[PDB]
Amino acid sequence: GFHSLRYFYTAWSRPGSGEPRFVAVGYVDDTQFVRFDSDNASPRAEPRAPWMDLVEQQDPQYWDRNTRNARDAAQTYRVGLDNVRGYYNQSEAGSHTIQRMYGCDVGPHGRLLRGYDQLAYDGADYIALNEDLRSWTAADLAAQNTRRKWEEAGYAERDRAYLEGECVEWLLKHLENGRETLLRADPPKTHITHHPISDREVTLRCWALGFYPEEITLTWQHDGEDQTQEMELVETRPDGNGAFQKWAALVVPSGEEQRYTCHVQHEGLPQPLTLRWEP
């Protein structure tokens, strides 16, 4: 059981509609805690989780360090868009997107499990730092321009330094400073609703509301037989208050409801639940 500090960068051009835009968000597990948007008047790194409102007293240079980092990053991806556009011999007319995802996965006692730094151009893989954190994989011929640049500059070592160092150290600071929010293991609120459609066919919908973290498993069973192939599993959604929701639906023979059970697996649950429906 690990925790994660992950960052997400999106920089897209407005080919005739202002300079490019740069947006960066940071996550600890499934909770967002920081943001940066280059469109603001004088853009700054800003808190998005409660415990981040105390980082100014705990680290008096955190906001200016990261604001300077993000504003700098916005500049280099602005140029990066033009470089990559020339790599593919693309015109100035279209809009294009650079995406970046990096962070660390850390096991219980503060031990690093894996770092990563992956980038995409127009929604497809471009270059990624390998698992040994010492080499890059370019996805196409155009990305070999970037890989040759980054190899000769030794950028993999600087990435490994961060991923093995500050990434683990700040995931630990965040975990402890935000233990209330992050180490939370809230089970879902579960219940089964009902929507007949015929005098002859009926929908059973098994809900799970307000759970954190996002990982959850909903399974429908008929007399102990898994009905995964026959159910309608909706994509998990953010509840708007730092938690999540998800339901699984089945269509059953009317009158034969009590042979169907909903199996719910969540981390903040004592044991997996088996749910029947009852009038």
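Each residue number is its position in the shown sequence, starting from 1.
Taking the mean C-alpha B-factor of each stretch as recorded, 123-131 and 190-198 are not equal, and the higher mean is that of 190-198. Of the two segments, 110-118 and 137-145, the one listed with the higher mean B-factor is 110-118 (C-alpha atoms only). Across the residues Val28, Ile216, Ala243, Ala41, the deposited record lists the maximum Cα B factor for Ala41.
Highest CA B-factor among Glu46, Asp59, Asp226, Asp53, as stated in the entry: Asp226. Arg205: CA B factor lies in the highest third for its chain, per the PDB record. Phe22: CA B factor in the lowest third of modelled residues in this chain (values from the PDB entry). The PDB entry assigns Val252 a C-alpha temperature factor belonging to the highest third of its chain's modelled residues. In the deposited entry, the Cα temperature factor of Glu235 places it in the highest third of its chain's modelled residues. When the CA B factors of the chain's modelled residues are split into thirds, the value for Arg158 lands in the middle one.
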